[PDB]
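Enquirer: So here's structure-v2.pdb (PDB, C-alpha atoms and all ligand atoms).
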MODEL        1
ATOM      1  CA  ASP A   1      29.126 -70.603   1.277
ATOM      2  CA  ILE A   2      28.690 -72.072  -2.214
ATOM      3  CA  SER A   3      25.748 -70.756  -4.251
ATOM      4  CA  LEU A   4      24.047 -72.751  -7.018
ATOM      5  CA  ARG A   5      22.914 -70.329  -9.734
ATOM      6  CA  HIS A   6      21.444 -70.481 -13.220
ATOM      7  CA  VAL A   7      22.092 -68.448 -16.350
ATOM      8  CA  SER A   8      20.174 -68.551 -19.604
ATOM      9  CA  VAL A   9      22.504 -69.876 -22.314
ATOM     10  CA  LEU A  10      21.640 -70.225 -26.025
ATOM     11  CA  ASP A  11      18.415 -72.279 -26.209
ATOM     12  CA  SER A  12      18.655 -73.603 -22.643
ATOM     13  CA  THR A  13      19.979 -72.834 -19.158
ATOM     14  CA  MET A  14      23.204 -73.723 -17.365
ATOM     15  CA  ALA A  15      23.662 -74.152 -13.624
ATOM     16  CA  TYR A  16      26.911 -73.203 -11.941
ATOM     17  CA  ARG A  17      28.414 -73.163  -8.471
ATOM     18  CA  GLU A  18      29.892 -69.834  -7.356
ATOM     19  CA  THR A  19      31.901 -68.561  -4.375
ATOM     20  CA  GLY A  20      34.790 -66.277  -3.475
ATOM     21  CA  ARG A  21      35.315 -62.528  -3.441
ATOM     22  CA  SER A  22      34.261 -60.874  -6.699
ATOM     23  CA  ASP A  23      37.295 -58.533  -6.737
ATOM     24  CA  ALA A  24      39.647 -61.523  -7.163
ATOM     25  CA  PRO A  25      40.644 -63.266 -10.418
ATOM     26  CA  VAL A  26      38.124 -65.727 -11.823
ATOM     27  CA  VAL A  27      38.868 -69.455 -11.611
ATOM     28  CA  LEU A  28      36.745 -71.605 -13.939
ATOM     29  CA  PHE A  29      36.401 -75.247 -12.833
ATOM     30  CA  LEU A  30      35.538 -77.624 -15.695
ATOM     31  CA  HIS A  31      34.263 -81.148 -14.925
ATOM     32  CA  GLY A  32      34.010 -84.027 -17.382
ATOM     33  CA  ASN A  33      31.986 -87.200 -17.974
ATOM     34  CA  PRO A  34      29.735 -88.075 -16.088
ATOM     35  CA  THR A  35      30.164 -85.609 -13.238
ATOM     36  CA  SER A  36      29.109 -81.988 -12.644
ATOM     37  CA  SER A  37      30.253 -78.948 -10.643
ATOM     38  CA  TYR A  38      29.446 -81.093  -7.589
ATOM     39  CA  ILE A  39      32.830 -82.790  -8.032
ATOM     40  CA  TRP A  40      34.532 -79.496  -7.091
ATOM     41  CA  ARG A  41      32.531 -78.990  -3.892
ATOM     42  CA  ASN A  42      35.450 -79.811  -1.566
ATOM     43  CA  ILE A  43      38.018 -77.886  -3.640
ATOM     44  CA  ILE A  44      36.211 -74.613  -4.328
ATOM     45  CA  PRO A  45      36.136 -73.485  -0.641
ATOM     46  CA  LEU A  46      39.930 -73.710  -0.452
ATOM     47  CA  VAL A  47      40.461 -71.529  -3.559
ATOM     48  CA  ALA A  48      37.689 -69.077  -2.593
ATOM     49  CA  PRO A  49      40.060 -67.000  -0.385
ATOM     50  CA  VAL A  50      42.173 -66.001  -3.422
ATOM     51  CA  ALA A  51      39.769 -66.185  -6.359
ATOM     52  CA  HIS A  52      36.244 -65.825  -7.723
ATOM     53  CA  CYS A  53      35.307 -69.473  -8.227
ATOM     54  CA  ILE A  54      32.907 -70.367 -11.065
ATOM     55  CA  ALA A  55      32.070 -74.023 -11.729
ATOM     56  CA  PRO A  56      29.508 -74.666 -14.474
ATOM     57  CA  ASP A  57      27.546 -77.809 -15.122
ATOM     58  CA  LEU A  58      28.179 -78.647 -18.789
ATOM     59  CA  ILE A  59      24.990 -78.666 -20.861
ATOM     60  CA  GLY A  60      23.106 -81.885 -20.226
ATOM     61  CA  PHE A  61      24.915 -82.515 -16.922
ATOM     62  CA  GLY A  62      24.131 -81.696 -13.312
ATOM     63  CA  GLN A  63      21.318 -79.145 -13.045
ATOM     64  CA  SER A  64      21.882 -77.650 -16.503
ATOM     65  CA  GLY A  65      19.243 -77.929 -19.199
ATOM     66  CA  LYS A  66      18.751 -80.901 -21.491
ATOM     67  CA  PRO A  67      18.338 -79.498 -25.030
ATOM     68  CA  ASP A  68      17.693 -81.727 -28.040
ATOM     69  CA  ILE A  69      21.256 -81.826 -29.402
ATOM     70  CA  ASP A  70      23.894 -84.465 -30.166
ATOM     71  CA  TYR A  71      26.064 -83.484 -27.156
ATOM     72  CA  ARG A  72      29.202 -83.697 -29.276
ATOM     73  CA  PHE A  73      32.406 -82.098 -28.021
ATOM     74  CA  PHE A  74      31.664 -79.182 -30.361
ATOM     75  CA  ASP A  75      28.246 -78.715 -28.740
ATOM     76  CA  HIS A  76      29.928 -78.365 -25.333
ATOM     77  CA  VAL A  77      32.375 -75.871 -26.874
ATOM     78  CA  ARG A  78      29.454 -73.675 -28.010
ATOM     79  CA  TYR A  79      27.545 -73.788 -24.707
ATOM     80  CA  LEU A  80      30.650 -73.202 -22.591
ATOM     81  CA  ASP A  81      31.724 -70.292 -24.819
ATOM     82  CA  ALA A  82      28.243 -68.815 -24.473
ATOM     83  CA  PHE A  83      28.304 -69.304 -20.699
ATOM     84  CA  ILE A  84      31.661 -67.494 -20.376
ATOM     85  CA  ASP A  85      30.410 -64.571 -22.533
ATOM     86  CA  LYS A  86      27.106 -64.304 -20.584
ATOM     87  CA  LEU A  87      28.971 -64.003 -17.264
ATOM     88  CA  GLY A  88      31.315 -61.425 -18.816
ATOM     89  CA  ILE A  89      34.479 -63.347 -17.917
ATOM     90  CA  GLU A  90      37.381 -61.800 -19.836
ATOM     91  CA  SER A  91      40.214 -63.858 -18.315
ATOM     92  CA  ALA A  92      40.454 -66.783 -15.907
ATOM     93  CA  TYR A  93      42.483 -69.500 -14.360
ATOM     94  CA  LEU A  94      41.258 -72.854 -15.672
ATOM     95  CA  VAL A  95      41.068 -75.919 -13.405
ATOM     96  CA  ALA A  96      39.997 -78.994 -15.337
ATOM     97  CA  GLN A  97      39.756 -82.802 -15.515
ATOM     98  CA  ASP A  98      38.713 -85.343 -18.204
ATOM     99  CA  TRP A  99      36.603 -83.691 -20.965
ATOM    100  CA  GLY A 100      36.945 -80.416 -19.058
ATOM    101  CA  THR A 101      40.606 -80.453 -20.087
ATOM    102  CA  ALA A 102      39.702 -80.811 -23.763
ATOM    103  CA  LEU A 103      37.416 -77.804 -23.380
ATOM    104  CA  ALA A 104      40.180 -75.910 -21.554
ATOM    105  CA  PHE A 105      42.873 -76.816 -24.131
ATOM    106  CA  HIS A 106      40.617 -75.750 -27.027
ATOM    107  CA  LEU A 107      39.677 -72.484 -25.270
ATOM    108  CA  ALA A 108      43.366 -71.689 -24.686
ATOM    109  CA  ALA A 109      44.263 -72.496 -28.285
ATOM    110  CA  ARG A 110      41.627 -70.086 -29.618
ATOM    111  CA  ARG A 111      42.217 -67.310 -27.050
ATOM    112  CA  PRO A 112      45.704 -67.742 -25.548
ATOM    113  CA  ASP A 113      45.556 -64.435 -23.640
ATOM    114  CA  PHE A 114      42.380 -65.524 -21.814
ATOM    115  CA  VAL A 115      44.292 -68.027 -19.649
ATOM    116  CA  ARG A 116      45.892 -66.771 -16.437
ATOM    117  CA  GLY A 117      47.006 -70.353 -15.740
ATOM    118  CA  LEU A 118      45.971 -73.929 -16.384
ATOM    119  CA  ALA A 119      45.667 -76.586 -13.682
ATOM    120  CA  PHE A 120      44.745 -79.933 -15.224
ATOM    121  CA  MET A 121      44.736 -83.672 -14.511
ATOM    122  CA  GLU A 122      43.665 -86.960 -16.098
ATOM    123  CA  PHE A 123      43.405 -85.176 -19.408
ATOM    124  CA  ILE A 124      42.317 -86.003 -22.949
ATOM    125  CA  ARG A 125      44.899 -86.121 -25.748
ATOM    126  CA  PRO A 126      44.913 -87.561 -29.272
ATOM    127  CA  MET A 127      45.547 -91.296 -28.949
ATOM    128  CA  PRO A 128      46.866 -92.861 -32.174
ATOM    129  CA  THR A 129      45.986 -96.446 -31.112
ATOM    130  CA  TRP A 130      43.875 -98.132 -28.454
ATOM    131  CA  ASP A 131      47.130 -98.969 -26.676
ATOM    132  CA  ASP A 132      47.475 -95.233 -26.026
ATOM    133  CA  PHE A 133      44.098 -95.078 -24.216
ATOM    134  CA  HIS A 134      44.116 -95.641 -20.447
ATOM    135  CA  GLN A 135      46.145 -98.426 -18.783
ATOM    136  CA  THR A 136      43.973-101.433 -18.066
ATOM    137  CA  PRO A 137      42.534-104.149 -20.321
ATOM    138  CA  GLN A 138      39.130-103.818 -18.659
ATOM    139  CA  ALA A 139      38.935-100.074 -19.376
ATOM    140  CA  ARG A 140      40.038-100.599 -22.983
ATOM    141  CA  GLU A 141      37.427-103.304 -23.516
ATOM    142  CA  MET A 142      34.644-101.298 -21.855
ATOM    143  CA  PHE A 143      35.269 -98.133 -23.886
ATOM    144  CA  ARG A 144      35.514-100.217 -27.063
ATOM    145  CA  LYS A 145      32.052-101.502 -26.186
ATOM    146  CA  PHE A 146      30.779 -97.961 -25.521
ATOM    147  CA  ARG A 147      31.862 -97.079 -29.046
ATOM    148  CA  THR A 148      30.147-100.119 -30.611
ATOM    149  CA  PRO A 149      26.709 -99.430 -32.151
ATOM    150  CA  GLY A 150      23.875-101.022 -30.197
ATOM    151  CA  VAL A 151      26.124-102.343 -27.432
ATOM    152  CA  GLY A 152      26.939 -98.838 -26.186
ATOM    153  CA  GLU A 153      23.270 -97.854 -26.153
ATOM    154  CA  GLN A 154      22.432-100.910 -24.036
ATOM    155  CA  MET A 155      25.262-100.349 -21.565
ATOM    156  CA  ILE A 156      24.881 -96.577 -21.099
ATOM    157  CA  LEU A 157      21.332 -95.562 -22.062
ATOM    158  CA  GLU A 158      19.569 -98.614 -20.614
ATOM    159  CA  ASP A 159      21.934 -99.618 -17.777
ATOM    160  CA  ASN A 160      23.642 -96.237 -17.027
ATOM    161  CA  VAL A 161      27.042 -97.934 -16.818
ATOM    162  CA  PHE A 162      29.093 -94.712 -17.071
ATOM    163  CA  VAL A 163      27.478 -93.251 -13.954
ATOM    164  CA  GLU A 164      27.008 -96.498 -12.026
ATOM    165  CA  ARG A 165      30.287 -98.281 -12.827
ATOM    166  CA  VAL A 166      32.957 -96.166 -14.515
ATOM    167  CA  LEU A 167      32.589 -93.267 -12.049
ATOM    168  CA  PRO A 168      32.736 -95.123  -8.677
ATOM    169  CA  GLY A 169      35.077 -97.731 -10.176
ATOM    170  CA  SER A 170      37.578 -94.979 -11.059
ATOM    171  CA  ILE A 171      37.849 -93.510  -7.547
ATOM    172  CA  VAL A 172      39.914 -95.150  -4.787
ATOM    173  CA  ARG A 173      37.729 -94.271  -1.806
ATOM    174  CA  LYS A 174      34.151 -95.384  -1.308
ATOM    175  CA  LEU A 175      31.479 -92.898  -2.374
ATOM    176  CA  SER A 176      28.628 -92.447   0.101
ATOM    177  CA  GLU A 177      25.067 -93.277  -0.858
ATOM    178  CA  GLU A 178      24.244 -89.549  -0.925
ATOM    179  CA  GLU A 179      27.150 -88.817  -3.246
ATOM    180  CA  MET A 180      26.001 -91.489  -5.716
ATOM    181  CA  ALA A 181      22.429 -90.181  -5.449
ATOM    182  CA  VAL A 182      23.737 -86.764  -6.557
ATOM    183  CA  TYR A 183      25.779 -88.201  -9.414
ATOM    184  CA  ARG A 184      22.891 -90.248 -10.808
ATOM    185  CA  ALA A 185      20.258 -87.503 -10.349
ATOM    186  CA  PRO A 186      20.765 -85.950 -13.845
ATOM    187  CA  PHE A 187      20.401 -89.387 -15.459
ATOM    188  CA  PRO A 188      17.179 -91.145 -14.359
ATOM    189  CA  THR A 189      16.020 -92.059 -17.895
ATOM    190  CA  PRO A 190      17.604 -93.619 -20.996
ATOM    191  CA  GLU A 191      17.044 -90.406 -22.955
ATOM    192  CA  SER A 192      18.718 -88.300 -20.252
ATOM    193  CA  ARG A 193      21.904 -90.403 -20.539
ATOM    194  CA  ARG A 194      22.653 -89.406 -24.166
ATOM    195  CA  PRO A 195      25.510 -87.025 -23.142
ATOM    196  CA  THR A 196      27.303 -89.774 -21.184
ATOM    197  CA  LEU A 197      27.196 -92.028 -24.271
ATOM    198  CA  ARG A 198      28.249 -89.367 -26.787
ATOM    199  CA  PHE A 199      31.381 -88.424 -24.809
ATOM    200  CA  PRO A 200      33.190 -91.828 -25.076
ATOM    201  CA  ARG A 201      32.253 -91.845 -28.767
ATOM    202  CA  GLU A 202      33.990 -88.442 -29.031
ATOM    203  CA  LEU A 203      37.272 -89.613 -27.455
ATOM    204  CA  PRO A 204      40.054 -89.107 -30.016
ATOM    205  CA  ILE A 205      41.257 -92.676 -30.606
ATOM    206  CA  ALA A 206      42.798 -94.114 -33.788
ATOM    207  CA  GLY A 207      41.850 -90.953 -35.676
ATOM    208  CA  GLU A 208      38.117 -91.109 -34.909
ATOM    209  CA  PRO A 209      36.073 -89.006 -34.801
ATOM    210  CA  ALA A 210      38.351 -87.144 -37.211
ATOM    211  CA  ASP A 211      37.102 -83.649 -36.365
ATOM    212  CA  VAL A 212      37.704 -84.067 -32.609
ATOM    213  CA  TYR A 213      41.021 -85.764 -33.317
ATOM    214  CA  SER A 214      42.231 -82.897 -35.518
ATOM    215  CA  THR A 215      40.904 -80.279 -33.109
ATOM    216  CA  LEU A 216      42.639 -81.770 -30.085
ATOM    217  CA  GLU A 217      45.897 -82.257 -32.024
ATOM    218  CA  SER A 218      45.873 -78.514 -32.744
ATOM    219  CA  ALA A 219      44.929 -77.795 -29.122
ATOM    220  CA  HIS A 220      47.849 -79.881 -27.903
ATOM    221  CA  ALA A 221      50.250 -78.184 -30.306
ATOM    222  CA  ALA A 222      49.177 -74.816 -28.892
ATOM    223  CA  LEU A 223      49.518 -76.198 -25.345
ATOM    224  CA  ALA A 224      53.075 -77.353 -26.055
ATOM    225  CA  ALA A 225      54.072 -73.864 -27.268
ATOM    226  CA  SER A 226      52.187 -71.927 -24.593
ATOM    227  CA  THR A 227      53.944 -70.108 -21.763
ATOM    228  CA  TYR A 228      51.164 -69.381 -19.258
ATOM    229  CA  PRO A 229      51.666 -71.094 -15.868
ATOM    230  CA  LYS A 230      50.480 -74.685 -15.631
ATOM    231  CA  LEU A 231      49.898 -77.346 -12.980
ATOM    232  CA  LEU A 232      49.621 -81.037 -13.860
ATOM    233  CA  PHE A 233      48.249 -83.145 -11.022
ATOM    234  CA  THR A 234      48.687 -86.907 -11.210
ATOM    235  CA  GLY A 235      47.531 -89.897  -9.218
ATOM    236  CA  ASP A 236      49.143 -93.336  -8.889
ATOM    237  CA  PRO A 237      48.476 -95.439 -10.889
ATOM    238  CA  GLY A 238      46.100 -92.855 -12.356
ATOM    239  CA  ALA A 239      43.977 -93.824 -15.334
ATOM    240  CA  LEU A 240      44.325 -91.737 -18.513
ATOM    241  CA  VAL A 241      47.625 -90.412 -17.108
ATOM    242  CA  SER A 242      50.217 -92.639 -15.450
ATOM    243  CA  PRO A 243      52.831 -91.094 -13.112
ATOM    244  CA  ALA A 244      55.580 -91.848 -15.643
ATOM    245  CA  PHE A 245      53.594 -90.240 -18.459
ATOM    246  CA  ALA A 246      52.752 -87.193 -16.315
ATOM    247  CA  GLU A 247      56.450 -86.732 -15.541
ATOM    248  CA  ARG A 248      57.425 -86.704 -19.222
ATOM    249  CA  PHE A 249      54.416 -84.654 -20.292
ATOM    250  CA  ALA A 250      55.009 -81.898 -17.745
ATOM    251  CA  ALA A 251      58.762 -81.863 -18.360
ATOM    252  CA  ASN A 252      58.122 -81.325 -22.091
ATOM    253  CA  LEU A 253      55.723 -78.411 -21.574
ATOM    254  CA  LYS A 254      56.880 -74.875 -20.819
ATOM    255  CA  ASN A 255      56.142 -73.512 -17.331
ATOM    256  CA  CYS A 256      54.396 -76.686 -16.068
ATOM    257  CA  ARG A 257      54.877 -77.954 -12.502
ATOM    258  CA  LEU A 258      54.050 -81.585 -11.648
ATOM    259  CA  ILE A 259      52.105 -82.358  -8.456
ATOM    260  CA  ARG A 260      52.185 -86.024  -7.348
ATOM    261  CA  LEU A 261      49.059 -86.672  -5.284
ATOM    262  CA  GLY A 262      49.566 -90.354  -4.452
ATOM    263  CA  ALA A 263      46.952 -93.106  -4.659
ATOM    264  CA  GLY A 264      44.365 -92.160  -7.274
ATOM    265  CA  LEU A 265      42.642 -93.331 -10.417
ATOM    266  CA  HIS A 266      40.578 -91.147 -12.771
ATOM    267  CA  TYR A 267      38.452 -88.728 -10.668
ATOM    268  CA  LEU A 268      41.161 -87.253  -8.488
ATOM    269  CA  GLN A 269      38.954 -84.624  -6.798
ATOM    270  CA  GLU A 270      37.186 -87.331  -4.820
ATOM    271  CA  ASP A 271      40.456 -88.766  -3.466
ATOM    272  CA  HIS A 272      42.538 -85.593  -2.979
ATOM    273  CA  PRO A 273      40.316 -82.488  -2.643
ATOM    274  CA  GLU A 274      42.330 -80.696   0.036
ATOM    275  CA  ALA A 275      45.670 -81.270  -1.689
ATOM    276  CA  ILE A 276      44.263 -80.031  -4.991
ATOM    277  CA  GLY A 277      42.466 -77.038  -3.456
ATOM    278  CA  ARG A 278      45.368 -75.893  -1.286
ATOM    279  CA  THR A 279      47.889 -76.341  -4.129
ATOM    280  CA  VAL A 280      45.727 -74.368  -6.598
ATOM    281  CA  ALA A 281      45.135 -71.610  -4.041
ATOM    282  CA  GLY A 282      48.837 -71.208  -3.265
ATOM    283  CA  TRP A 283      49.744 -71.307  -6.959
ATOM    284  CA  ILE A 284      47.259 -68.523  -7.756
ATOM    285  CA  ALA A 285      48.503 -66.440  -4.809
ATOM    286  CA  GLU A 286      52.055 -66.847  -6.122
ATOM    287  CA  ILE A 287      51.132 -65.750  -9.656
ATOM    288  CA  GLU A 288      49.001 -62.821  -8.474
ATOM    289  CA  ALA A 289      51.742 -61.561  -6.160
ATOM    290  CA  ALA A 290      54.186 -61.712  -9.091
ATOM    291  CA  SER A 291      52.224 -58.882 -10.797
TER     292      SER A 291
HETATM  293 CL    CL B 301      35.464 -84.609 -13.573
HETATM  294 CL    CL B 302      34.172 -90.246 -22.000
ENDMDL
END
Would you mind giving the structure from this file in structure tokens?
Ligand SMILES: [Cl-]
Ligand SMILES: [Cl-]

Expert:
Amino acid sequence: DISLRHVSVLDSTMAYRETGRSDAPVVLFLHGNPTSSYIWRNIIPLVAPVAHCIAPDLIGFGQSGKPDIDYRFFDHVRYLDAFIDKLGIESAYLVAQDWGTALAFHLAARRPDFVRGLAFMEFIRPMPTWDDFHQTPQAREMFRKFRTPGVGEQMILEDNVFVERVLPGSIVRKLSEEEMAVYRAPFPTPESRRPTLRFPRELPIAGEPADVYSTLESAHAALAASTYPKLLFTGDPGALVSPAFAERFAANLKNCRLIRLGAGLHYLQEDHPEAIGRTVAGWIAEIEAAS
């Protein structure tokens, strides 16, 4: 059974999904834009036998509160940090996708000993040019429009394009009507959609925004030097991560195994939950037995 809980955090509240035996290591699942802990619903039960699974809804997403903030990357850093402290988590495996990987990389860079292992996919990295972002002309044009004043507000705040187009368009299988009802539930109003507009405007592309760009460059330098166990999952063709890029990226990290899932785009949990869950569970069991 998965439980949906709430925990007071800073000036607001955060929801999180929880399951697993509490005497096992913690695994923290970190979603990105514009999902929530719901995207881990078919993975968490498969890791539950070996770990204490904790999957928060980032502030402003899912069933978490909606404080009056900018929802910058650095805001998410503060709320996630506060969430981890409030639950008393002193060390954890991290499982992450999209902006959840930026949060995971930055957490690991600040507290390297916190990470028991990092399983990541479809991750954010500093992108020196627009040619380094994604793979398709239509994605490049759309995210350029997100980052254009006025245009981005119309597409995302008024028309909810990140939830209604980018999310189902970046998954191979068809989402059910109920699944899309869940994913749009946090975002019924223009004002509620602010976090899904701020995130693409935070993506580190061509040096902007400079603070995120610098921060993720440092995070990736720490990642490259780190020696904790790592799993990089990839889809084909993928989206932010192509198979060929994943192969080189993992081969240039220390202690990183590459898992090729097959047909996938950006939100790989919706196309390969059992492969991801079973692989993570076996990887944790391996690492825990090795102690
Ligand atoms: Cl996600
Ligand atoms: Cl984004």

Enquirer: Sort by chain and increasing residue number a table of all residues of chain A within 9 Å of ligand CL 302 (chain B), each with its closest pair of atoms and their distance in Å to one decimal, counting all atoms listed in the file, and write it as CSV.

Expert:
residue,atom,partner,partner_atom,distance
A:32,CA,B:CL302,CL,7.7
A:33,CA,B:CL302,CL,5.5
A:34,CA,B:CL302,CL,7.7
A:98,CA,B:CL302,CL,7.7
A:99,CA,B:CL302,CL,7.1
A:143,CA,B:CL302,CL,8.2
A:162,CA,B:CL302,CL,8.4
A:196,CA,B:CL302,CL,6.9
A:197,CA,B:CL302,CL,7.5
A:198,CA,B:CL302,CL,7.7
A:199,CA,B:CL302,CL,4.4
A:200,CA,B:CL302,CL,3.6
A:201,CA,B:CL302,CL,7.2
A:202,CA,B:CL302,CL,7.3
A:203,CA,B:CL302,CL,6.3

Enquirer: Near residue 234 of chain A, within 10 Å and counting only C-alpha atoms, which residues show up once chain neighbours fewer than 2 positions away are dropped, as an MDAnalysis selection string?

Expert: chainID A and resid 120:123 231:232 236:247 258:266 268

Enquirer: Would you save the residues from that selection as a short mmCIF file (atom, residue, chain, number, x, y, z; two decimals), in the coordinates of the input, using C-alpha atoms?

Expert:
data_model
loop_
_atom_site.label_atom_id
_atom_site.label_comp_id
_atom_site.auth_asym_id
_atom_site.auth_seq_id
_atom_site.Cartn_x
_atom_site.Cartn_y
_atom_site.Cartn_z
CA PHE A 120 44.74 -79.93 -15.22
CA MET A 121 44.74 -83.67 -14.51
CA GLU A 122 43.66 -86.96 -16.10
CA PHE A 123 43.40 -85.18 -19.41
CA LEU A 231 49.90 -77.35 -12.98
CA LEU A 232 49.62 -81.04 -13.86
CA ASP A 236 49.14 -93.34 -8.89
CA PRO A 237 48.48 -95.44 -10.89
CA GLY A 238 46.10 -92.86 -12.36
CA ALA A 239 43.98 -93.82 -15.33
CA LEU A 240 44.32 -91.74 -18.51
CA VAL A 241 47.62 -90.41 -17.11
CA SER A 242 50.22 -92.64 -15.45
CA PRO A 243 52.83 -91.09 -13.11
CA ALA A 244 55.58 -91.85 -15.64
CA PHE A 245 53.59 -90.24 -18.46
CA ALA A 246 52.75 -87.19 -16.32
CA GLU A 247 56.45 -86.73 -15.54
CA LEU A 258 54.05 -81.58 -11.65
CA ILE A 259 52.10 -82.36 -8.46
CA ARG A 260 52.18 -86.02 -7.35
CA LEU A 261 49.06 -86.67 -5.28
CA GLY A 262 49.57 -90.35 -4.45
CA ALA A 263 46.95 -93.11 -4.66
CA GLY A 264 44.36 -92.16 -7.27
CA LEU A 265 42.64 -93.33 -10.42
CA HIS A 266 40.58 -91.15 -12.77
CA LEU A 268 41.16 -87.25 -8.49
#

Enquirer: Please determine an axis-aligned box that encloses all atoms of segment 17-30 of chain A listed in the file, with 8 Å added on each side, and express its centre and edge lengths in Å to one decimal as AutoDock Vina command-line options.

Expert:
--center_x 34.5 --center_y -68.1 --center_z -9.6 --size_x 28.2 --size_y 35.1 --size_z 28.3

Enquirer: Determine the nearest neighbour of ligand CL 301 (chain B) from the options A:183, A:114, A:213, A:74, counting all atoms listed in the file.

Expert: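 The shortest atom-to-atom distance to ligand CL 301 (chain B) comes from A:183.
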
Enquirer: Quick one: everything within 8 Å of residue 225 of chain A, counting all atoms listed in the file, minus sequence neighbours fewer than 2 positions away in the same chain. Send it as a JSON list (two decimals) with C-alpha atoms, in the coordinates of the input.

Expert:
[["chain", "number", "residue", "atom", "x", "y", "z"],
["A", 221, "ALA", "CA", 50.25, -78.18, -30.31],
["A", 222, "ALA", "CA", 49.18, -74.82, -28.89],
["A", 223, "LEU", "CA", 49.52, -76.20, -25.34],
["A", 227, "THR", "CA", 53.94, -70.11, -21.76],
["A", 253, "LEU", "CA", 55.72, -78.41, -21.57],
["A", 254, "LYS", "CA", 56.88, -74.88, -20.82]]

Enquirer: So, counting all atoms listed in the file, which residue among A:153, A:274, A:57, A:288 is closest to residue 116 of chain A?

Expert: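 Comparing A:153, A:274, A:57, A:288 against residue 116 of chain A, the winner is A:288.
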
Enquirer: Which is closer to ligand CL 301 (chain B) than all the others in A:163, A:14, A:119, A:30, using all atoms listed in the file?

Expert: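 Between A:163, A:14, A:119, A:30, the residue approaching ligand CL 301 (chain B) most closely is A:30.
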
Enquirer: So, counting only C-alpha atoms and all ligand atoms, which residue among A:70, A:3, A:124, A:45 is closest to ligand CL 301 (chain B)?

Expert: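 So, comparing all the options, the nearest one is A:124.
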
Enquirer: Please, what distance in Å, to one decimal, runs between atom CA of residue 108 of chain A and atom CA of residue 273 of chain A?

Expert: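 Atom CA of residue 273 of chain A lies 24.7 Å from atom CA of residue 108 of chain A.
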
Enquirer: For this file, the PyMOL selection byres (((chain A and resi 38) around 9) and not hetatm) selects which residues, as a list in words?

Expert: residues 17, 31, 35, 36, 37, 39, 40, 41, 42, 55, 57, 62, 182 and 183 of chain A
